[PDB]
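Shown next, in structure tokens, is the structure this report addresses.
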Amino acid sequence: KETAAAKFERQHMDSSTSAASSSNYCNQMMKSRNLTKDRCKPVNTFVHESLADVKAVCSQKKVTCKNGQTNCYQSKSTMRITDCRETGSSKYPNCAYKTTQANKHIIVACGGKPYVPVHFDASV
């Protein structure tokens with residue numbers, strides 16, 4: 001039922017908060033977004049910007065993706081993001097993450113019609 005675009009939103013978009021304060025944001029969010037249900041996703045980034053702002057990135061700087069494709073775009077300015085990295089002591093079913101907040105340019109792959117982000121590639 002879930003499309004590639006809805007999936008990118010569930011995995012990376014948090015337009016509710018602007019900052020990932022509380023070292024427990026990742027622990028909470030990785031679980032609520034269903035990223036720990038079948039395994040502990042080792043790494044994941046959440047973007048604290050409006051949907052409209054992240055969607056606009058597909059019309060910004062075209063750059064190569066990490067895998068070599070060329071359907072990736074880099075955001076004009078930095079954006080508020082949260083890095084979630086599994087800790088050395090995390091173990092499925094009890095995944096545990098370290099929350100890291102930063103302001104970086106994000107790179108995403110876009111596709112479809114409407115043309116929207118469908119994959120989070122990297123942050124620079």
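Bear in mind that the values in this text are calculations on the coordinates, not laboratory data. Positions of Cβ are generated from backbone atoms using ideal geometry, with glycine treated the same way; all protein chains shown enter the neighbour counts.
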| Farthest toward positive dipole pole in the chain [+1 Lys/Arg, -1 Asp/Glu at C-beta], among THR36, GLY68, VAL54 | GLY68
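Kindly put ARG39, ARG85 in sequence by how many other C-beta atoms sit within 10 Å of each C-beta, fewest to most. Working shown, then result.
Numbers: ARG39 10, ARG85 15.
Ranking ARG39, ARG85 by Cβ neighbours within 10 Å, fewest first, gives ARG39, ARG85.
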| Going highest first, how would you order 61-74, 105-118 by mean Cβ packing within 10 Å? | 105-118, 61-74
| remark: Simple SL model, points at 7 angstrom along Cα→Cβ for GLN101 and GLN69; separation in nm is 3.3 nm
| Residue-by-residue Karplus 3J(HN,Hα) for region 3-10, coefficients 6.51, -1.76, 1.60, Hz, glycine and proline x | 8, 4, 6, 5, 4, 4, 5, 4
| note | Everything considered on the Cα gyration tensor (a ≥ b ≥ c; rounded for a/c under 1.5, else prolate if a/b is larger than b/c, else oblate), region 1-60 must be described as oblate
| Cα-derived Rg over Rh, computed across the chain with Rh taken as Kirkwood radius | 0.97
| message | Going Cα to Cα from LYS31, which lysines come in below 17 Å? Please leave out same-chain ones fewer than 8 positions away. | response | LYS7, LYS41, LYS91, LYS98
| field | Ranked list, fewest to most other Cβ atoms within 10 Å of each Cβ, for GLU2, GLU86 | value | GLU2, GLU86
